[PDB]
Amino acid sequence: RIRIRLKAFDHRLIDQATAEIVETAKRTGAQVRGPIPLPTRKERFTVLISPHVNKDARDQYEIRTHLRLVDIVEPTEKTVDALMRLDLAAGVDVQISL
Amino acid sequence: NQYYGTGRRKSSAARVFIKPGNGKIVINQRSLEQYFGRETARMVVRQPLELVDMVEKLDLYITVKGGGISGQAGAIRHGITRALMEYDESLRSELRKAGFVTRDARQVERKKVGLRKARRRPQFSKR
Amino acid sequence: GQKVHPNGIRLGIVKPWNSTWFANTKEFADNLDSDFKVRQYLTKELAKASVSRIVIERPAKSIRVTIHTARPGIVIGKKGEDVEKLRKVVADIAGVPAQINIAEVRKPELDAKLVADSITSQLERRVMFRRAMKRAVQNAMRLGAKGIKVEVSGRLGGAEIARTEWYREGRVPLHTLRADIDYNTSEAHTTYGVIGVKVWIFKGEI
Amino acid sequence: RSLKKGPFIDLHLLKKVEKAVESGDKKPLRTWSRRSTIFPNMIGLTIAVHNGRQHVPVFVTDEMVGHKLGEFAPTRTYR
Amino acid sequence: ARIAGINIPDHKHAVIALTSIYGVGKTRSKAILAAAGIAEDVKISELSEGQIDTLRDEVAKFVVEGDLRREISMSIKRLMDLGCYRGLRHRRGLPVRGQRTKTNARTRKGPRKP
Amino acid sequence: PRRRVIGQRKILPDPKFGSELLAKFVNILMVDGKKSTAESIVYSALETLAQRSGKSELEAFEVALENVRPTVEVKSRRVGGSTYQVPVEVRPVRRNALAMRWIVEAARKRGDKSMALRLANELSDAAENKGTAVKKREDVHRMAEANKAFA
Amino acid sequence: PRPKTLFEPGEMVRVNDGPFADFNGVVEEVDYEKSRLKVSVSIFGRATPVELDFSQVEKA
Amino acid sequence: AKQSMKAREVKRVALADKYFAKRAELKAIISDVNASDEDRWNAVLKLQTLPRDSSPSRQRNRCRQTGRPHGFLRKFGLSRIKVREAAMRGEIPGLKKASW
RNA sequence: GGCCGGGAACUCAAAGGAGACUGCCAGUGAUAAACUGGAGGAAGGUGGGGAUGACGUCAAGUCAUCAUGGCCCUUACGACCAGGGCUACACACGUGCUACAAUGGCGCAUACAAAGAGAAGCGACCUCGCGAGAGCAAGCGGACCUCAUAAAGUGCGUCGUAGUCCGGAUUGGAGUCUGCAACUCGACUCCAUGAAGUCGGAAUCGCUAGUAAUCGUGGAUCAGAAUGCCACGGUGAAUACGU
């Protein structure tokens with residue numbers, strides 16, 4: 001019932017983030033349902049590049065988005081205790097919905 | 001008996017499952033004559049099965065969603081060719097010989113910039 | 001209209017991004033606002049400090065700036081008191097404690113930015129630009145970097161008409177995204193115009 | 001075509017009407033806002049209304065209940 | 001046979017017997033025969049005189065062909081009596097809208113003969 | 001083509017019976033990507049002939065096309081300095097698909113009441129070779145026999 | 001409904017129970033029906049939106 | 001484009017967020033479905049004394065550096081070349097060229 | 001009501017990789033290169049597509065994204081605010097949207113997508129309004145909530161080639177929503193009207209397969225304002241004899 005949502009862009013940096021928070025919870029609480037992912041999220045935007053003319057130069061960029069949900073099974077007073085002010089992933093948005 | 005198949009024709013996802021003995025053609029709780037018994041290509045739900053005998057011997061409870069009408073009508077023959085696995089010794093050889101296991105990726109052609117419907121060029125004369 | 005950056009097509013797959021932190025669309029603004037104008041004030045003072053890249057990674061309710069120079073002895077100045085002077089002029093601007101990472105390079109002369117402002121640091125007084133480049137180009141060639149194509153722009157030689165030329169030495173990947181090549185650009189505004197510079201220095205591969 | 005719950009008049013276009021009933025025909029009045037409407041309490045008003053160059057004299061009828069000054073104070077000049 | 005004086009149901013459905021009348025269109029033509037209770041797929045061969053006087057009181061409520069001809073002309077004559085923007089803009093032969101009238105305004109400009 | 005000589009891909013056959021012959025008429029009679037509506041009125045057009053005659057369905061229509069197979073047409077071949085039309089011996093295999101183009105426009109012209117009927121009498125008169133769709137065929141043969149020069 | 005129980009949007013609160021004890025934060029969302037306050041704690045910088053009861057946190 | 005048009009927005013953001021960012025009942029709800037006496041007409045009479053520049057209809061989402069009116073995007077708050085100005089030098093996280 | 005258990009089979013969800021290279025077989029050909037058939041496979045020859053635009057030409061465009069040498073204004077060409085104009089009109093072209101009907105206009109019954117947006121905002125039910133939508137109000141800073149009832153299709157019919165029950169411009173009347181403000185100058189819904197035109201000359205534009213074609217929708221902008229545009233999805237060809 002306790003949810004740990006993690007919100008970022010790339011799967012190449014969140015992949016060490018789902019490893020650090022299931023194993024450090026295992027040493028203290030050992031009560032988790034496993035990481036259940038979310039569909040990858042795409043924000044594509046075509047933009048004009050020529051400074052004053054020519055509505056043909058549209059280059060596609062995208063700010064990509066990814067979400068992964070940990071969902072520990074039991075409200076443990078040891079998992080949250082050891083992993084309160086602790087998150088390896090840098091430049092990340094953690095959502096510890098208790 | 002209780003064995004699996006898979007068809008994914010044009011963004012349409014299927015869940016195929018084979019049954020022997022009884023004969024009925026049910027397509028996701030829908031009957032044979034009501035849902036598709038007047039729609040065109042009611043044979044494409046049974047297409048490869050002329051050489052075998054199934055109408056009296058095999059019943060199929062088929063569930064396909066998504067995509068389109070013909071895509072759900074195409075996945076049902078694409079899914080059954082991954083679901084002819086019980087007599088696959090007498091089925092896998094012909095279904096490549098009749099090319100029936102193939103996916104036929106006539107995909108969505110993505111919109112290139114400028115190319116109107118991704119291949120269509122705007123009208124440009126000599127001036 | 002030519003010459004796309006191999007930088008922007010290769011960020012992340014081989015070379016890390018110049019900013020990495022999450023934000024919502026609503027706090028996309030205030031995170032963005034701090035980044036430009038203090039790097040503006042960073043490039044005002046650490047212009048002579050020989051810096052290579054400034055990646056700013058500011059987590060939710062936090063900010064860290066990874067300054068990548070080669071002479072931090074003039075950045076810390078003496079006893080590191082000037083590092084806090086970078087910190088006191090940024091804390092009351094963004095309103096968040098902005099910690100500063102001056103993570104240096106051991107090798108200054110194998111950097112795309114330093115060779116760019118090298119000619120620009122000596123462009124003010126009229127130099128034969130070829131030998132000025134040639135020196136740095138040869139130095140960067142023999143020091144291990146296997147490829148270089150180096151650019152200058154403006155009105156070279158006190159000229160009036162348009163002039164640009166490049167000096168090819170080694171490998172230049174622009175159709176192979178796997179290999180490792182950087183690029184930067186600065187400018188020289190003086191009593192005769194803007195005399196500009198690009199570079200493409202190749203490091204390696206997988 | 002805006003709202004049944006209310007039209008709009010400027011407050012300066014408001015008290016020009018209240019001074020009208022008490023005093024009377026002296027001079028053609030002057031305004032700027034062509035987007036203030038006409039209510040039935042302004043009959044016979046000789047308002048000259050700014051087109052953007054000068055002021056164009058307008059007379060009031062009582063069909064003008066949801067109708068603006070600028071139908072009678074135009075701007076576009078053609079030949 | 002005799003609706004609004006001269007206008008005739010020409011041998012067709014009773015639903016399109018009413019829409020042929022000037023002054024009545026999409027949902028009033030459905031409203032007339034539904035208030036008459038007669039089905040829409042029926043013909044003038046079935047519609048007899050015993051309902052057409054029941055039709056006459058039903059159409060006695062609104063404005064009719066020659067009658068609607070007057071007030072729309074009366075309104076634009078009042079618009080001419082205003083002599084205003086929309087007063088002038090009719091008789092010039094130019095369309096009165098927020099129309100891109102610079103090229104494609106051919107309703108008031110007419111055919112491209114001279 | 002220029003050098004990359006390609007054939008033609010396969011023809012999606014009739015669902016009623018596995019005939020590649022019938023489908024090549026279904027594809028051209030279809031317009032605008034709508035095969036589902038166009039096949040039924042094609043199938044109803046099969047039910048215009050199979051009760052008018054009552055003989056077959058694979059032979060009752062083949063006789064309507066085999067009696068109107070143009071043994072030759074015209075095209076422009078370069079042998080000098082201008083425009084000349086040369087009589088070209090069509091393949092049996094090519095007589096078929098270029099005959100149906102004459103017939104599918106016959107469904108367009110001569111509007112009788114409706115598309116099912118607008119195709120109906122036009123496919124009917126083609127079986128006896130006196131139809132107007134047959135008429136535009138041999139006036140090309142009037143042109144084709146007027147220059148029979150090449151052997 | 002009183003102070004902590006009457007949690008408002010954006011109102012800062014105080015946590016004194018669980019690992020989030022000794023921490024302050026704001027209640028972005030409130031749930032009187034579920035008797036739960038949606039407040040996040042500034043843990044290692046990133047706000048840690050967690051649900052705390054009125055008695056689990058104090059009005060600040 | 002011009003420092004004066006960028007001098008408009010600092011005046012625009014100021015007096016609008018004096019009234020029309022926080023005080024919304026006096027400008028929106030007070031002429032909803034109530035009686036058509038002239039007291040809610042008196043409510044919009046007070047709406048004339050305030051600056052009409054302070055309305056949120058004035059809102060021109062501008063480039064924060066150079067102030068370009070057309071060709072805008074709200075997801076960065078920037079002009080249409082500034083999103084490339086961070087795409088090619090990496091000043092925005094996750095902003096990758098869509099290689100699809 | 002997959003709604004409540006149960007399950008880890010399975011669709012889907014998302015990661016690190018496995019998978020394709022003319023590897024193998026035969027003819028031909030200079031034992032080479034190499035084309036293309038035979039095989040199995042998910043795919044067969046760069047499997048479909050995108051991204052990457054060499055040296056360079058037009059000394060092609062932009063000083064109005066920004067920078068910047070000279071030049072001039074620097075009691076003005078700089079600055080401020082309240083209206084108009086950019087929305088002007090005999091005529092011409094360009095690129096788009098709509099019909100010129102029956103494979104159709106219309107009414108009822110019923111079928112099936114992927115992509116994505118969302119907080120001084122997006123809006124489930126409920127009450128009424130011909131309708132459009134107003135008031136009231138959950139959920140939801142999001143695979144859970146909403147937007148969002150996708151249409152052509154199909155079935156029963158209904159009408160029979162007429163400027164027509166085709167078509168939608170124009171214009172008058174009455175309003176819905178936005179917002180200081182809808183005259184000049186918004187959009188939409190509805191009431192009323194219903195002109196041109198029944199495949200368009202020389203000439204010329206697109207296209208090698210889910211392409212063509214037709215039907216439907218979301219999004220960026222944004223108080224409001226798309227037939228534009230960038231993306232998605234539905235059904236589904238002809239023909240490349242030859243240079």
# chains A, B, ... in the order shown; residues from 1 in each chain; ligands from 1
>>> residues_around(residues="residue 37 of chain A", least_positions_apart="3", cutoff="10 Å", atoms="only C-alpha atoms (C1' of nucleotides)", output="ChimeraX atom specification")
/A:5-6,34,40,66-70 /I:13-15
>>> write_last_selection(atoms="N, CA, C and O atoms (P, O5', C5', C4', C3', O3' and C1' of nucleotides)", output="PDB file, in the first residue's frame")
ATOM      1  N   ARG A   5       7.307   6.278  -5.826  1.00  0.00           N
ATOM      2  CA  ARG A   5       7.343   6.645  -7.232  1.00  0.00           C
ATOM      3  C   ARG A   5       8.622   7.419  -7.497  1.00  0.00           C
ATOM      4  O   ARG A   5       9.065   8.196  -6.649  1.00  0.00           O
ATOM      5  N   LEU A   6       9.237   7.175  -8.648  1.00  0.00           N
ATOM      6  CA  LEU A   6      10.463   7.861  -9.013  1.00  0.00           C
ATOM      7  C   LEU A   6      10.296   8.453 -10.405  1.00  0.00           C
ATOM      8  O   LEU A   6       9.866   7.759 -11.331  1.00  0.00           O
ATOM      9  N   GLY A  34       8.535  -5.317  -5.407  1.00  0.00           N
ATOM     10  CA  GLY A  34       9.309  -5.292  -6.622  1.00  0.00           C
ATOM     11  C   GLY A  34       8.957  -4.105  -7.494  1.00  0.00           C
ATOM     12  O   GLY A  34       7.834  -3.594  -7.456  1.00  0.00           O
ATOM     13  N   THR A  40       6.837   4.587 -21.125  1.00  0.00           N
ATOM     14  CA  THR A  40       7.789   5.668 -21.350  1.00  0.00           C
ATOM     15  C   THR A  40       7.092   6.868 -21.979  1.00  0.00           C
ATOM     16  O   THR A  40       6.161   6.710 -22.774  1.00  0.00           O
ATOM     17  N   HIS A  66      10.479   9.288 -18.101  1.00  0.00           N
ATOM     18  CA  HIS A  66      10.330   7.917 -17.609  1.00  0.00           C
ATOM     19  C   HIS A  66       9.861   7.934 -16.162  1.00  0.00           C
ATOM     20  O   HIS A  66      10.215   8.844 -15.406  1.00  0.00           O
ATOM     21  N   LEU A  67       9.076   6.930 -15.772  1.00  0.00           N
ATOM     22  CA  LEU A  67       8.586   6.808 -14.403  1.00  0.00           C
ATOM     23  C   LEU A  67       8.666   5.353 -13.958  1.00  0.00           C
ATOM     24  O   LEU A  67       8.250   4.453 -14.692  1.00  0.00           O
ATOM     25  N   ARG A  68       9.196   5.131 -12.756  1.00  0.00           N
ATOM     26  CA  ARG A  68       9.314   3.802 -12.177  1.00  0.00           C
ATOM     27  C   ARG A  68       8.807   3.826 -10.744  1.00  0.00           C
ATOM     28  O   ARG A  68       9.116   4.746  -9.983  1.00  0.00           O
ATOM     29  N   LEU A  69       8.048   2.796 -10.370  1.00  0.00           N
ATOM     30  CA  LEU A  69       7.361   2.731  -9.086  1.00  0.00           C
ATOM     31  C   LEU A  69       7.836   1.511  -8.309  1.00  0.00           C
ATOM     32  O   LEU A  69       7.788   0.388  -8.822  1.00  0.00           O
ATOM     33  N   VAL A  70       8.256   1.727  -7.063  1.00  0.00           N
ATOM     34  CA  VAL A  70       8.901   0.662  -6.296  1.00  0.00           C
ATOM     35  C   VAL A  70       7.874  -0.170  -5.530  1.00  0.00           C
ATOM     36  O   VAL A  70       7.914  -1.405  -5.580  1.00  0.00           O
TER      37      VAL A  70
ATOM     38  P     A I  13       2.486  -1.688 -24.783  1.00  0.00           P
ATOM     39  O5'   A I  13       3.048  -1.651 -23.288  1.00  0.00           O
ATOM     40  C5'   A I  13       2.447  -0.807 -22.273  1.00  0.00           C
ATOM     41  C4'   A I  13       3.322  -0.760 -21.035  1.00  0.00           C
ATOM     42  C3'   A I  13       4.815  -0.575 -21.277  1.00  0.00           C
ATOM     43  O3'   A I  13       5.131   0.786 -21.567  1.00  0.00           O
ATOM     44  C1'   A I  13       4.468  -2.212 -19.597  1.00  0.00           C
ATOM     45  P     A I  14       6.138   1.145 -22.778  1.00  0.00           P
ATOM     46  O5'   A I  14       7.590   1.006 -22.126  1.00  0.00           O
ATOM     47  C5'   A I  14       7.946   1.741 -20.928  1.00  0.00           C
ATOM     48  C4'   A I  14       8.992   0.986 -20.125  1.00  0.00           C
ATOM     49  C3'   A I  14      10.312   0.683 -20.830  1.00  0.00           C
ATOM     50  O3'   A I  14      11.183   1.820 -20.811  1.00  0.00           O
ATOM     51  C1'   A I  14       9.560  -1.253 -19.684  1.00  0.00           C
ATOM     52  P     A I  15      12.564   1.795 -21.647  1.00  0.00           P
ATOM     53  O5'   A I  15      13.628   1.203 -20.611  1.00  0.00           O
ATOM     54  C5'   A I  15      14.890   0.658 -21.068  1.00  0.00           C
ATOM     55  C4'   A I  15      15.450  -0.324 -20.055  1.00  0.00           C
ATOM     56  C3'   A I  15      16.631  -1.143 -20.570  1.00  0.00           C
ATOM     57  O3'   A I  15      17.877  -0.454 -20.384  1.00  0.00           O
ATOM     58  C1'   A I  15      15.000  -2.599 -19.646  1.00  0.00           C
TER      59        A I  15
END
>>> select_by_dssp(residues="segment 1-75 of chain D", states="alpha helix (DSSP H)", output="list in words")
residues 11, 12, 13, 14, 15, 16, 17, 18, 19, 20, 21 and 22 of chain D
>>> residues_around(residues="segment 53-64 of chain E", least_positions_apart="5", cutoff="9 Å", atoms="only C-alpha atoms (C1' of nucleotides)", output="list in words")
residues 3, 4, 21, 22, 23, 24, 32, 33, 35, 36 and 69 of chain E
>>> write_last_selection(atoms="N, CA, C and O atoms", output="tab-separated table (two decimals), in the first residue's frame")
chain	number	residue	atom	x	y	z
E	3	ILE	N	-51.16	25.73	-50.06
E	3	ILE	CA	-50.45	26.16	-48.86
E	3	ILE	C	-49.72	27.46	-49.16
E	3	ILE	O	-49.00	27.58	-50.16
E	4	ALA	N	-49.94	28.46	-48.29
E	4	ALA	CA	-49.45	29.83	-48.41
E	4	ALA	C	-49.85	30.48	-49.73
E	4	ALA	O	-49.15	31.36	-50.24
E	21	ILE	N	-41.81	25.86	-48.78
E	21	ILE	CA	-42.40	27.15	-48.43
E	21	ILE	C	-41.31	28.11	-47.99
E	21	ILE	O	-40.45	27.77	-47.17
E	22	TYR	N	-41.31	29.31	-48.58
E	22	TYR	CA	-40.43	30.37	-48.11
E	22	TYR	C	-40.82	30.78	-46.70
E	22	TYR	O	-42.00	30.98	-46.41
E	23	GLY	N	-39.83	30.86	-45.83
E	23	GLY	CA	-40.05	31.23	-44.44
E	23	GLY	C	-39.91	30.10	-43.44
E	23	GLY	O	-40.14	30.32	-42.25
E	24	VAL	N	-39.52	28.90	-43.87
E	24	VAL	CA	-39.48	27.74	-42.99
E	24	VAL	C	-38.40	26.78	-43.48
E	24	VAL	O	-38.20	26.59	-44.68
E	32	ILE	N	-44.02	20.91	-37.79
E	32	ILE	CA	-45.38	21.15	-38.27
E	32	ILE	C	-46.15	19.85	-38.39
E	32	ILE	O	-47.26	19.71	-37.84
E	33	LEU	N	-45.58	18.86	-39.08
E	33	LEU	CA	-46.31	17.61	-39.29
E	33	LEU	C	-46.31	16.72	-38.05
E	33	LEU	O	-47.19	15.88	-37.91
E	35	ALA	N	-46.71	18.08	-35.02
E	35	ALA	CA	-47.88	18.67	-34.40
E	35	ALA	C	-49.16	18.30	-35.13
E	35	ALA	O	-50.24	18.32	-34.51
E	36	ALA	N	-49.08	17.97	-36.42
E	36	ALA	CA	-50.19	17.39	-37.16
E	36	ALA	C	-50.32	15.89	-36.94
E	36	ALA	O	-51.34	15.31	-37.29
E	69	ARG	N	-41.11	38.37	-46.73
E	69	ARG	CA	-40.49	39.20	-47.76
E	69	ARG	C	-40.50	40.67	-47.36
E	69	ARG	O	-39.56	41.42	-47.66
>>> residues_around(residues="segment 1-5 of chain F", least_positions_apart="5", cutoff="10 Å", atoms="only C-alpha atoms (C1' of nucleotides)", output="PyMOL selection string")
chain I and resi 240-243
>>> residues_around(residues="residue 51 of chain D", least_positions_apart="4", cutoff="8 Å", atoms="only C-alpha atoms (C1' of nucleotides)", output="PDB file with N, CA and C atoms (P, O5', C5', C4', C3', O3' and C1' of nucleotides), in the first residue's frame")
ATOM      1  N   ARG D  34     -15.289  54.430 -29.218  1.00  0.00           N
ATOM      2  CA  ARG D  34     -16.320  53.992 -30.148  1.00  0.00           C
ATOM      3  C   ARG D  34     -16.942  52.665 -29.743  1.00  0.00           C
ATOM      4  N   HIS D  55     -13.740  63.955 -35.247  1.00  0.00           N
ATOM      5  CA  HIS D  55     -14.956  63.436 -34.646  1.00  0.00           C
ATOM      6  C   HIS D  55     -16.113  63.573 -35.623  1.00  0.00           C
ATOM      7  N   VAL D  56     -16.920  62.526 -35.731  1.00  0.00           N
ATOM      8  CA  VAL D  56     -17.982  62.432 -36.733  1.00  0.00           C
ATOM      9  C   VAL D  56     -19.325  62.554 -36.021  1.00  0.00           C
ATOM     10  N   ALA D  73     -19.868  56.178 -36.815  1.00  0.00           N
ATOM     11  CA  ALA D  73     -18.643  56.967 -36.772  1.00  0.00           C
ATOM     12  C   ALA D  73     -17.510  56.191 -37.434  1.00  0.00           C
ATOM     13  N   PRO D  74     -17.552  55.994 -38.771  1.00  0.00           N
ATOM     14  CA  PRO D  74     -16.702  54.979 -39.405  1.00  0.00           C
ATOM     15  C   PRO D  74     -15.251  55.397 -39.509  1.00  0.00           C
ATOM     16  N   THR D  75     -14.399  54.515 -40.030  1.00  0.00           N
ATOM     17  CA  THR D  75     -12.987  54.862 -40.112  1.00  0.00           C
ATOM     18  C   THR D  75     -12.424  54.758 -41.527  1.00  0.00           C
TER      19      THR D  75
ATOM     20  P     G I  83      -8.511  52.691 -26.426  1.00  0.00           P
ATOM     21  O5'   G I  83      -9.301  53.456 -27.586  1.00  0.00           O
ATOM     22  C5'   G I  83      -9.685  52.750 -28.786  1.00  0.00           C
ATOM     23  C4'   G I  83      -9.875  53.703 -29.946  1.00  0.00           C
ATOM     24  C3'   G I  83      -9.585  53.082 -31.305  1.00  0.00           C
ATOM     25  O3'   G I  83     -10.692  52.322 -31.819  1.00  0.00           O
ATOM     26  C1'   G I  83      -8.461  55.162 -31.133  1.00  0.00           C
ATOM     27  P     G I  84     -10.428  50.923 -32.590  1.00  0.00           P
ATOM     28  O5'   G I  84      -9.925  51.360 -34.041  1.00  0.00           O
ATOM     29  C5'   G I  84     -10.684  52.287 -34.851  1.00  0.00           C
ATOM     30  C4'   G I  84      -9.831  52.801 -35.997  1.00  0.00           C
ATOM     31  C3'   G I  84      -9.220  51.741 -36.905  1.00  0.00           C
ATOM     32  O3'   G I  84     -10.159  51.322 -37.902  1.00  0.00           O
ATOM     33  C1'   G I  84      -7.566  53.339 -36.324  1.00  0.00           C
TER      34        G I  84
END
>>> select_by_dssp(residues="segment 6-170 of chain C", states="strand (DSSP E)", output="ChimeraX atom specification")
/C:51-57,63-69,98-102,147-154,163-170
>>> write_last_selection(atoms="N, CA, C and O atoms", output="compact mmCIF listing (two decimals), in the first residue's frame")
# COMPACT_ATOMS: atom_id res chain seq x y z
N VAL C 51 38.43 27.53 -18.54
CA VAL C 51 37.41 26.56 -18.16
C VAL C 51 36.93 25.82 -19.42
O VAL C 51 36.98 26.35 -20.53
N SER C 52 36.46 24.58 -19.22
CA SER C 52 36.08 23.71 -20.33
C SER C 52 34.58 23.47 -20.46
O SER C 52 34.04 23.61 -21.55
N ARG C 53 33.90 23.08 -19.38
CA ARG C 53 32.46 22.88 -19.45
C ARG C 53 31.85 23.22 -18.10
O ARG C 53 32.50 23.06 -17.07
N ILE C 54 30.62 23.72 -18.12
CA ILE C 54 29.89 24.08 -16.91
C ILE C 54 28.58 23.32 -16.94
O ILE C 54 27.59 23.78 -17.51
N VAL C 55 28.56 22.15 -16.33
CA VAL C 55 27.34 21.38 -16.16
C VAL C 55 26.73 21.77 -14.83
O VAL C 55 27.38 21.68 -13.78
N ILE C 56 25.48 22.22 -14.88
CA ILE C 56 24.73 22.63 -13.69
C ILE C 56 23.64 21.60 -13.43
O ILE C 56 22.70 21.46 -14.21
N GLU C 57 23.83 20.83 -12.35
CA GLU C 57 22.83 19.81 -11.95
C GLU C 57 22.16 20.28 -10.66
O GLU C 57 22.78 20.12 -9.59
N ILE C 63 21.01 22.99 -5.70
CA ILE C 63 21.70 23.39 -6.97
C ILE C 63 23.20 23.11 -6.86
O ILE C 63 23.80 23.48 -5.83
N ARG C 64 23.77 22.45 -7.87
CA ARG C 64 25.23 22.16 -7.89
C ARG C 64 25.78 22.51 -9.27
O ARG C 64 25.13 22.16 -10.27
N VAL C 65 26.94 23.18 -9.32
CA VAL C 65 27.51 23.62 -10.63
C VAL C 65 28.90 22.99 -10.80
O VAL C 65 29.80 23.32 -10.00
N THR C 66 29.07 22.10 -11.78
CA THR C 66 30.34 21.40 -11.94
C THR C 66 31.24 22.20 -12.89
O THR C 66 31.16 22.04 -14.11
N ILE C 67 32.11 23.02 -12.32
CA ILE C 67 32.99 23.90 -13.09
C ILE C 67 34.21 23.06 -13.45
O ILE C 67 34.79 22.38 -12.60
N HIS C 68 34.59 23.07 -14.72
CA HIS C 68 35.63 22.18 -15.22
C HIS C 68 36.74 23.02 -15.84
O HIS C 68 36.76 23.26 -17.04
N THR C 69 37.69 23.46 -15.02
CA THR C 69 38.78 24.32 -15.47
C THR C 69 40.10 23.54 -15.39
O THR C 69 40.12 22.32 -15.23
N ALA C 98 23.62 27.18 -3.50
CA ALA C 98 24.24 26.69 -4.73
C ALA C 98 25.69 26.32 -4.42
O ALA C 98 26.56 27.17 -4.25
N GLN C 99 25.93 25.02 -4.35
CA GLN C 99 27.28 24.54 -4.06
C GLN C 99 28.06 24.39 -5.36
O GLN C 99 27.49 24.10 -6.41
N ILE C 100 29.37 24.60 -5.27
CA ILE C 100 30.21 24.79 -6.45
C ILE C 100 31.23 23.66 -6.54
O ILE C 100 31.97 23.39 -5.59
N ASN C 101 31.27 22.98 -7.69
CA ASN C 101 32.19 21.87 -7.91
C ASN C 101 33.20 22.31 -8.96
O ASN C 101 32.92 22.30 -10.16
N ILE C 102 34.39 22.72 -8.52
CA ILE C 102 35.48 23.04 -9.45
C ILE C 102 36.28 21.76 -9.63
O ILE C 102 37.33 21.55 -9.01
N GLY C 147 42.67 13.49 -34.10
CA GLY C 147 42.08 14.22 -35.20
C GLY C 147 41.71 15.66 -34.88
O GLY C 147 41.19 15.93 -33.80
N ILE C 148 41.98 16.58 -35.81
CA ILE C 148 41.62 17.98 -35.59
C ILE C 148 41.29 18.67 -36.91
O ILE C 148 42.01 18.55 -37.91
N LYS C 149 40.15 19.38 -36.94
CA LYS C 149 39.78 20.32 -38.00
C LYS C 149 39.39 21.61 -37.28
O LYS C 149 38.43 21.65 -36.52
N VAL C 150 40.15 22.68 -37.52
CA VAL C 150 40.10 23.89 -36.70
C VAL C 150 39.74 25.08 -37.58
O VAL C 150 40.19 25.20 -38.73
N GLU C 151 38.91 25.98 -37.04
CA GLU C 151 38.26 27.03 -37.81
C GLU C 151 38.54 28.39 -37.19
O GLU C 151 38.69 28.51 -35.98
N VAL C 152 38.62 29.42 -38.04
CA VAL C 152 38.58 30.81 -37.63
C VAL C 152 37.64 31.55 -38.58
O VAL C 152 37.48 31.14 -39.73
N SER C 153 37.01 32.62 -38.09
CA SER C 153 36.08 33.39 -38.89
C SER C 153 36.16 34.87 -38.56
O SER C 153 36.73 35.26 -37.54
N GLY C 154 35.56 35.67 -39.44
CA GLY C 154 35.55 37.11 -39.32
C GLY C 154 35.98 37.77 -40.61
O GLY C 154 35.44 37.48 -41.68
N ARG C 163 35.72 35.59 -45.58
CA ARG C 163 36.84 34.65 -45.61
C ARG C 163 36.68 33.63 -44.49
O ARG C 163 36.38 34.00 -43.35
N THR C 164 36.86 32.35 -44.81
CA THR C 164 36.90 31.26 -43.85
C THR C 164 37.74 30.14 -44.43
O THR C 164 37.66 29.86 -45.64
N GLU C 165 38.56 29.50 -43.60
CA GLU C 165 39.34 28.35 -44.02
C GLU C 165 39.57 27.45 -42.82
O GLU C 165 39.50 27.91 -41.67
N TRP C 166 39.83 26.17 -43.08
CA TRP C 166 40.01 25.17 -42.04
C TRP C 166 41.27 24.36 -42.28
O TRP C 166 41.76 24.25 -43.41
N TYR C 167 41.81 23.79 -41.19
CA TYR C 167 43.07 23.06 -41.19
C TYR C 167 42.82 21.62 -40.73
O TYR C 167 42.64 21.38 -39.54
N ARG C 168 42.83 20.69 -41.68
CA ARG C 168 42.51 19.29 -41.42
C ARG C 168 43.74 18.50 -41.01
O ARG C 168 44.75 18.48 -41.70
N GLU C 169 43.62 17.81 -39.87
CA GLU C 169 44.66 16.89 -39.44
C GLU C 169 44.06 15.75 -38.64
O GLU C 169 43.76 15.91 -37.45
N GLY C 170 43.85 14.60 -39.28
CA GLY C 170 43.44 13.39 -38.59
C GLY C 170 42.05 12.94 -39.02
O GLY C 170 41.69 13.00 -40.20
>>> closest_atom_pairs(of="chain I", to="chain A", cutoff="12 Å", atoms="only C-alpha atoms (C1' of nucleotides)", output="tab-separated table")
residue	atom	partner	partner_atom	distance
I:12	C1'	A:39	CA	10.3
I:13	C1'	A:39	CA	5.8
I:14	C1'	A:37	CA	6.0
I:15	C1'	A:11	CA	7.7
I:16	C1'	A:15	CA	10.6
I:50	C1'	A:60	CA	10.6
I:51	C1'	A:60	CA	9.4
I:61	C1'	A:53	CA	8.0
I:62	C1'	A:52	CA	6.2
I:63	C1'	A:52	CA	11.9
I:64	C1'	A:52	CA	7.8
I:65	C1'	A:51	CA	6.5
I:66	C1'	A:51	CA	10.5
I:115	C1'	A:42	CA	9.8
I:116	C1'	A:42	CA	8.6
I:117	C1'	A:43	CA	10.2
I:143	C1'	A:39	CA	7.0
I:219	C1'	A:45	CA	10.1
I:220	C1'	A:45	CA	7.7
I:229	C1'	A:55	CA	10.2
I:230	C1'	A:46	CA	6.9
I:231	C1'	A:44	CA	9.4
